[PDB]
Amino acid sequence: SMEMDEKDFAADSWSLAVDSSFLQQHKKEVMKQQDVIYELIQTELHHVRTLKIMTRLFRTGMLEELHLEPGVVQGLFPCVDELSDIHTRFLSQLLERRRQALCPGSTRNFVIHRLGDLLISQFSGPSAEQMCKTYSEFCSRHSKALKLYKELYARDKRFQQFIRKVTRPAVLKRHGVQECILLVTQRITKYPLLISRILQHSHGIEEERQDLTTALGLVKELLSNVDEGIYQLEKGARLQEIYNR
């Protein structure tokens, strides 16, 4: 992540991010709603950072340093460029909504009152079709990627040295290759929990309550479609094993 956004989301909550004199100006229900919206954006920033570790540190490092057989890097990191484009665009919209809401003279004090419309747009139309297509493909290639990683780490010396080198720093402690893959697969099922809790504290404006209710329904429809479209691919599985599913 870039330093400006890391510092804007360094605090454990919105109530600790804003100036205490600004916090004091709001009612408790507003503080509760803003703390959950801040967690949605902060966790989205971290999710985009996970995808940047996968594309830039791992994938591009393997292409630039190792001599892997063709199809191997794509097998380890299926759909990563498409996933990065989807989530970097979504994060850009969330951060622009925060930036427009800042008080003049401040780089930290804001309130987001209109998140629902942004979530309806993300989870409907062509962007929802691309999220469904990409996650149905990625999640169906998840077992195959883990198995390919394990085989290369155990048999290829230069690959093992590369992985140990780039994952040595303490900032990569939670972000080995397999850990990144499961963080990405689990991201999509965090959205309902976060949206339902924002909705619980968004009853003050009826149009906002209605828009978050619509967004929650669209997110659950996307998850149901992705879940129904998954079938794990397996290297070496024969056609007979497939058509006898």
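Numbers follow the displayed sequence, beginning with 1. Heads up, when I say rigid core I mean the largest set of C-alphas that superpose within 1.5 Å between the two forms.
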**Request:** Please work out whether 165 to 173 or 67 to 75 has the higher root mean square C-alpha deviation in 9 other deposited structures of this protein relative to the shown form, with the rigid core as fitting region?
**Result:** 67 to 75
**Message:** Test of understanding: from the entry's C-alpha B-factors, which stretch has the higher mean, 178 to 186 or 56 to 64?
**Reply:** 56 to 64
**Asked** Is the mean CA B factor in the deposited entry higher across 3 to 11 or across 236 to 244?
**Response** 236 to 244
**Asked** Taking the entry's C-alpha B-factors for this chain, is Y135 in the lowest, middle or highest third?
**Response** lowest
**Message:** Is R98 in the lowest, middle or highest third of its chain when residues are ranked by C-alpha B-factor?
**Reply:** lowest
**Asked** By its CA B factor, does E29 count among the lowest, middle or highest third of the modelled residues in the chain?
**Response** highest
**Fill in**
Temperature factor at the Cα of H203, chain-ranked in thirds, falls in the highest
**Request:** Would you please rank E69 by its C-alpha temperature factor against the other modelled residues of its chain and give the third it falls in: lowest, middle or highest?
**Result:** highest
